[PDB]
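Enquirer: Starting off with a structure, shown below.
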Amino acid sequence: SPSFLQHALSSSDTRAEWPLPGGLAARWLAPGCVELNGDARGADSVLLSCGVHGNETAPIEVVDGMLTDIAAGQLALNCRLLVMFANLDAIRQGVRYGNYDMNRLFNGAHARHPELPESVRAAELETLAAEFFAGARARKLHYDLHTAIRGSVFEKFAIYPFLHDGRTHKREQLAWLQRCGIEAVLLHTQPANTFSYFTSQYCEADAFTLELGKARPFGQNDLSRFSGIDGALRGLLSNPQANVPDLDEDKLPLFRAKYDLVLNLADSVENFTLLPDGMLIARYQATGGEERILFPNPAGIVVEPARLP
Amino acid sequence: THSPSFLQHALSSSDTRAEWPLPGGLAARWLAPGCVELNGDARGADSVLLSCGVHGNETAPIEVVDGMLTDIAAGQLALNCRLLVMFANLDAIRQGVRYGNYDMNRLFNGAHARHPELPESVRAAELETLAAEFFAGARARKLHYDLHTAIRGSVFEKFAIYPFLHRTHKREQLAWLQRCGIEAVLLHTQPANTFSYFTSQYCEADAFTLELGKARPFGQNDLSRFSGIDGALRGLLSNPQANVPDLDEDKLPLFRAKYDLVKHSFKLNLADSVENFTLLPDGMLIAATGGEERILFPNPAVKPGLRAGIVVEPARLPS
Ligand SMILES: [Zn+2]
Ligand SMILES: [Zn+2]
């Protein structure tokens, strides 16, 4: 009962309302979606989505722990907060997805597969987010939390939907992320069927996809390895007006994709693996010695160092 | 006696390997037709290679170079560098054409081997060898500016092409180019059969292809429109140690090829006279886009199985 996740995976109720300390309340807007302090007229609005892939449980446990503390009065909440346990069936079964990768059904893509239960879910989550952010009068933030089976040179990294030449870009966000422990950021301006692109472009939110580490079943996550994100998120909800100690860009490498559709790499090759100059299939060929392979699967993208402009 | 014009001597082939005295006890040595080395014995001095007329119809740079040589031989201009001047495609220059059989700037980097039956291939190989021997003797800086002009106009009147570098790109030279008139630089991401690529890679020198303006026949060039490159060149030969006023990369836009417009079977949605570096707005594309791409060297006439143009995108330096 005191467990938000437990309730979200069973849907004991459906639209009930849980009383919260300080006069607040937790309202279930839909299965696995709970809004807290939504009535906060002019406070910052934070969307925390997790479990888009059911096997990535570390962020799920982290988010559940925060919710518990808010209900126990151990953690203060001064933001409008909407938490979404995304793929409920996948989370309950402990798998990436049932019939289709949900982080490929967003941005409206679900319309191409209107029969899949995960598409229906993705459409419902898009609307909820859209309505949540439409009521925002201050900052609009969205962190879609992931973990991954495939290792990475930069264990923790973010994917940043860079849009409109960064006219609404916040370097403080890059600072906040670097403080969270993010070791690298992937900038992309082109459209994508991800939840962070959707909220970024459709809801005009500062949205980021965060790859926080290794995928593990529930009970096998070392939450200590997520202290950075856990501390930062708690601090955001507690006091969103806290200043951010700038960003020493010297330790926050930025990358961008130069060309996709990229086989000649081991099955367990790590994300961000540098490709040596003159390598067949980095026919696509490596050049310079600064390009890196990302999200490989024989189908992958070749990235390069980027700079803000 | 001999012609006061180095260019005319080369065209009229008065001699072949004659040497002319230069003020200050220096000398000008004709190493081959249209190739003359001045102050070559200057040990420790910066070495400069100026090639022009690779395309015979691009005469503006030819007149500017020839004017400088006449001033040096007259004592009007001082020379403190090892200088090698090359009137590249002599036959094409004498005929006023881009080339006779094959584009010479497609025959360097060893590409001349593929067409040994062509005089332009023999000439290209000779120029490679001469340049190689010239730079091999260099003890200071090795600089090569291959001067060109063109029929098709450009958004960036004067621009440079930076050969593919296998050090990275030297910004000290980008600075000199900037404070010279160059308004943009294209950075090659793959090897090319150009003279500037050959010297940059084979002779490992700082080489650039310079598109200085509009192509025009002799006597129809507004040498005023070339004051920037002219003064910058005369200043280099006289006082090559003059520091360059840094390089504000925020004023010199750089570009690189994004992808080629492969043609097969076909319609080019741009005027036949579209200028190079014309910005492509977000929307129109080939059948990605962001209002940052520009068209370069469009040629829808080829329509074979090759490309009919190149789409370039902004390029940023590491620092
Ligand atoms: Zn994931
Ligand atoms: Zn030319």
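Chains: A, B, ... in order of the structure tokens. Residues: from 1 per chain. Ligands: from 1, in order shown.
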Set out as CSV a contact list for range 64-118 of chain A and range 135-148 of chain A with a cut-off of 12 Å, giving each residue of range 64-118 of chain A that qualifies its closest atom pair and distance in Å to one decimal, counting only C-alpha atoms, ordered by chain and rising residue number.
Expert:
residue,atom,partner,partner_atom,distance
A:79,CA,A:139,CA,9.5
A:80,CA,A:136,CA,8.3
A:81,CA,A:141,CA,9.8
A:82,CA,A:142,CA,9.5
A:83,CA,A:144,CA,10.0
A:84,CA,A:144,CA,9.3
A:85,CA,A:145,CA,10.2
A:86,CA,A:144,CA,9.7
A:96,CA,A:148,CA,10.0
A:103,CA,A:144,CA,10.0
Enquirer: Save out the residues we just selected, C-alpha atoms, as a compact mmCIF listing (two decimals), in the first residue's frame.
Expert:
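Wrote again.txt, looks like this:
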# COMPACT_ATOMS: atom_id res chain seq x y z
CA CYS A 79 7.33 20.98 -7.91
CA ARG A 80 4.28 19.71 -9.76
CA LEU A 81 5.41 16.10 -10.28
CA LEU A 82 4.11 13.44 -12.64
CA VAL A 83 5.67 9.98 -12.45
CA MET A 84 4.98 7.40 -15.13
CA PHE A 85 5.80 3.73 -14.80
CA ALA A 86 5.69 3.36 -18.61
CA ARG A 96 12.40 -4.99 -22.60
CA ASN A 103 10.52 4.03 -27.10
Enquirer: Enumerate, as a PyMOL selection string, the complete set of residues in range 51-247 of chain B that a backbone-based DSSP assignment places in strand (DSSP E or B).
Expert: chain B and resi 51-52+82-87+142-150+154+159-162+184-187+206-214
Enquirer: Write out the residues from the selection above, keeping C-alpha atoms, as a PDB file, in the first residue's frame.
Expert:
ATOM      1  CA  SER B  51      50.601  27.922 -59.020  1.00  0.00           C
ATOM      2  CA  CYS B  52      48.158  29.543 -61.435  1.00  0.00           C
ATOM      3  CA  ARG B  82      62.205  30.665 -51.574  1.00  0.00           C
ATOM      4  CA  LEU B  83      59.657  31.211 -54.352  1.00  0.00           C
ATOM      5  CA  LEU B  84      58.541  28.812 -57.065  1.00  0.00           C
ATOM      6  CA  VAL B  85      56.017  30.115 -59.610  1.00  0.00           C
ATOM      7  CA  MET B  86      54.173  27.697 -61.868  1.00  0.00           C
ATOM      8  CA  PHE B  87      52.117  28.674 -64.914  1.00  0.00           C
ATOM      9  CA  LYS B 142      56.180  25.214 -46.728  1.00  0.00           C
ATOM     10  CA  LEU B 143      53.311  27.183 -48.292  1.00  0.00           C
ATOM     11  CA  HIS B 144      51.336  26.438 -51.451  1.00  0.00           C
ATOM     12  CA  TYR B 145      48.509  28.545 -52.845  1.00  0.00           C
ATOM     13  CA  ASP B 146      46.928  27.183 -55.979  1.00  0.00           C
ATOM     14  CA  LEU B 147      45.120  30.215 -57.432  1.00  0.00           C
ATOM     15  CA  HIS B 148      41.823  29.822 -59.308  1.00  0.00           C
ATOM     16  CA  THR B 149      38.812  31.815 -60.548  1.00  0.00           C
ATOM     17  CA  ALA B 150      35.474  30.464 -61.794  1.00  0.00           C
ATOM     18  CA  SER B 154      29.321  32.212 -55.235  1.00  0.00           C
ATOM     19  CA  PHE B 159      36.839  31.171 -50.711  1.00  0.00           C
ATOM     20  CA  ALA B 160      39.416  28.484 -50.051  1.00  0.00           C
ATOM     21  CA  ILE B 161      39.445  24.704 -50.196  1.00  0.00           C
ATOM     22  CA  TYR B 162      41.423  22.973 -47.437  1.00  0.00           C
ATOM     23  CA  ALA B 184      34.768  30.917 -46.348  1.00  0.00           C
ATOM     24  CA  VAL B 185      36.735  27.668 -46.235  1.00  0.00           C
ATOM     25  CA  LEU B 186      35.694  24.209 -47.419  1.00  0.00           C
ATOM     26  CA  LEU B 187      37.478  21.409 -45.536  1.00  0.00           C
ATOM     27  CA  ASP B 206      50.286  23.918 -45.905  1.00  0.00           C
ATOM     28  CA  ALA B 207      48.486  23.961 -49.234  1.00  0.00           C
ATOM     29  CA  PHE B 208      45.204  25.530 -50.290  1.00  0.00           C
ATOM     30  CA  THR B 209      43.134  25.942 -53.453  1.00  0.00           C
ATOM     31  CA  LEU B 210      42.033  29.605 -53.623  1.00  0.00           C
ATOM     32  CA  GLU B 211      38.917  30.597 -55.593  1.00  0.00           C
ATOM     33  CA  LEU B 212      39.565  34.341 -55.868  1.00  0.00           C
ATOM     34  CA  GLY B 213      36.666  35.362 -58.102  1.00  0.00           C
ATOM     35  CA  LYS B 214      35.204  35.493 -61.613  1.00  0.00           C
TER      36      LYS B 214
END
Enquirer: Could you write out as an MDAnalysis selection string the residues of chain B within 10 Å of chain A, counting only C-alpha atoms?
Expert: chainID B and resid 165:166 168 189:190 258 288:290 316:319
Enquirer: Mind giving me the straight-line distance from CA of residue 149 in chain A to CA of residue 291 in chain A in Å, one decimal?
Expert: 22.1 Å
Enquirer: Using only C-alpha atoms, which of the listed residues (A:215, A:184, A:301, A:70) sits closest to residue 51 in chain A?
Expert: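 Using only C-alpha atoms, residue 51 in chain A sits closest to A:215.
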Enquirer: Can you measure CA of residue 271 in chain A to CA of residue 167 in chain B for me? One decimal in Å is fine.
Expert: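 These two atoms are separated by 27.6 Å.
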Enquirer: Identify which of the residues B:28, B:131, B:151, B:73 lies closest to ligand 2, counting only C-alpha atoms and all ligand atoms when measuring atom-to-atom distances.
Expert: B:151
Enquirer: Dump the neighbourhood of ligand 1 as a PyMOL selection string: all residues within 12 Å, distances computed on only C-alpha atoms and all ligand atoms.
Expert: chain A and resi 49-60+86-87+90-91+95-97+101-104+144-150+158-159+194-196+209-216+295
Enquirer: So, counting only C-alpha atoms and all ligand atoms, which residue among B:40, B:24, B:56, B:110 is closest to ligand 2?
Expert: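 Between B:40, B:24, B:56, B:110, the residue approaching ligand 2 most closely is B:56.
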Enquirer: Compile the contact shell of residue 67 in chain B as a list in words: residues with an atom at most 10 Å away, counting only C-alpha atoms, same-chain residues fewer than 3 positions apart removed.
Expert: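 Here the qualifying residues turn out to be residues 4, 5, 6, 7, 61, 62, 63, 64, 70, 71, 72 and 230 of chain B.
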Enquirer: Please list as a count of residues only every residue within 12 Å of residue 239 in chain B, counting only C-alpha atoms and excluding residues in the same chain fewer than 2 positions away.
Expert: 18
Enquirer: Pick out each residue of range 148-215 of chain B that DSSP on the backbone tags as helix (DSSP H, G or I); I need them as a PyMOL selection string.
Expert: chain B and resi 171-178+195-202
Enquirer: Keeping C-alpha atoms, export the residues of the selection given above as a short mmCIF file (atom, residue, chain, number, x, y, z; two decimals), in the first residue's frame.
Expert:
data_model
loop_
_atom_site.label_atom_id
_atom_site.label_comp_id
_atom_site.auth_asym_id
_atom_site.auth_seq_id
_atom_site.Cartn_x
_atom_site.Cartn_y
_atom_site.Cartn_z
CA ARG B 171 44.32 28.10 -37.85
CA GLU B 172 47.35 30.35 -38.27
CA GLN B 173 46.85 29.97 -42.04
CA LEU B 174 43.08 30.32 -41.73
CA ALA B 175 43.84 33.66 -40.12
CA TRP B 176 46.09 34.79 -42.98
CA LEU B 177 43.41 33.69 -45.44
CA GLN B 178 40.72 35.53 -43.48
CA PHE B 195 47.38 20.01 -56.79
CA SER B 196 46.78 21.37 -53.28
CA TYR B 197 46.01 17.88 -51.98
CA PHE B 198 49.21 16.51 -53.55
CA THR B 199 51.47 19.11 -51.94
CA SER B 200 49.68 18.96 -48.60
CA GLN B 201 49.91 15.16 -48.41
CA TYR B 202 52.98 14.18 -50.44
#
Enquirer: May I ask for the distance between CA of residue 119 in chain B and CA of residue 49 in chain B, given in Å to one decimal place?
Expert: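 Value for the CA of residue 119 in chain B-CA of residue 49 in chain B distance: 22.4 Å.
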Enquirer: Which residue, B:124, B:140, B:215, B:274, has the smallest gap to ligand 2 when you use only C-alpha atoms and all ligand atoms?
Expert: B:215
Enquirer: Which residue out of B:248, B:218, B:163, B:238 has the minimum interatomic distance to residue 76 in chain B when only C-alpha atoms are used?
Expert: B:238
Enquirer: Mind checking which residues fall within 10 Å of residue 19 in chain B, counting only C-alpha atoms, ignoring those fewer than 5 positions away in the same chain, and posting them as a list in words?
Expert: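 Returned residues: residues 27, 28, 29, 30, 31, 36, 37 and 38 of chain B.
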Enquirer: Could you please take those selected residues and save N, CA, C and O atoms as a JSON list (two decimals), in the first residue's frame?
Expert:
[["chain", "number", "residue", "atom", "x", "y", "z"],
["B", 27, "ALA", "N", 68.71, 35.30, -58.16],
["B", 27, "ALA", "CA", 68.49, 34.82, -59.51],
["B", 27, "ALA", "C", 67.16, 34.11, -59.70],
["B", 27, "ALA", "O", 66.58, 33.57, -58.76],
["B", 28, "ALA", "N", 66.68, 34.11, -60.94],
["B", 28, "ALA", "CA", 65.44, 33.45, -61.28],
["B", 28, "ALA", "C", 65.85, 32.32, -62.22],
["B", 28, "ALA", "O", 66.45, 32.57, -63.27],
["B", 29, "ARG", "N", 65.54, 31.09, -61.83],
["B", 29, "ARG", "CA", 65.90, 29.92, -62.63],
["B", 29, "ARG", "C", 64.69, 29.23, -63.23],
["B", 29, "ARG", "O", 63.77, 28.84, -62.51],
["B", 30, "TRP", "N", 64.68, 29.11, -64.55],
["B", 30, "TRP", "CA", 63.59, 28.41, -65.22],
["B", 30, "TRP", "C", 63.92, 26.93, -65.11],
["B", 30, "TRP", "O", 64.91, 26.46, -65.69],
["B", 31, "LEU", "N", 63.10, 26.21, -64.36],
["B", 31, "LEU", "CA", 63.30, 24.78, -64.12],
["B", 31, "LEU", "C", 62.64, 23.92, -65.18],
["B", 31, "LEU", "O", 63.02, 22.77, -65.36],
["B", 36, "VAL", "N", 59.41, 28.72, -62.76],
["B", 36, "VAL", "CA", 60.57, 29.55, -62.42],
["B", 36, "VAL", "C", 60.75, 29.71, -60.90],
["B", 36, "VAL", "O", 59.81, 30.04, -60.17],
["B", 37, "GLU", "N", 61.97, 29.44, -60.45],
["B", 37, "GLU", "CA", 62.32, 29.52, -59.05],
["B", 37, "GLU", "C", 63.16, 30.77, -58.78],
["B", 37, "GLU", "O", 64.18, 30.99, -59.44],
["B", 38, "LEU", "N", 62.74, 31.57, -57.81],
["B", 38, "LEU", "CA", 63.46, 32.80, -57.46],
["B", 38, "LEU", "C", 63.96, 32.71, -56.02],
["B", 38, "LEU", "O", 63.24, 32.25, -55.14]]
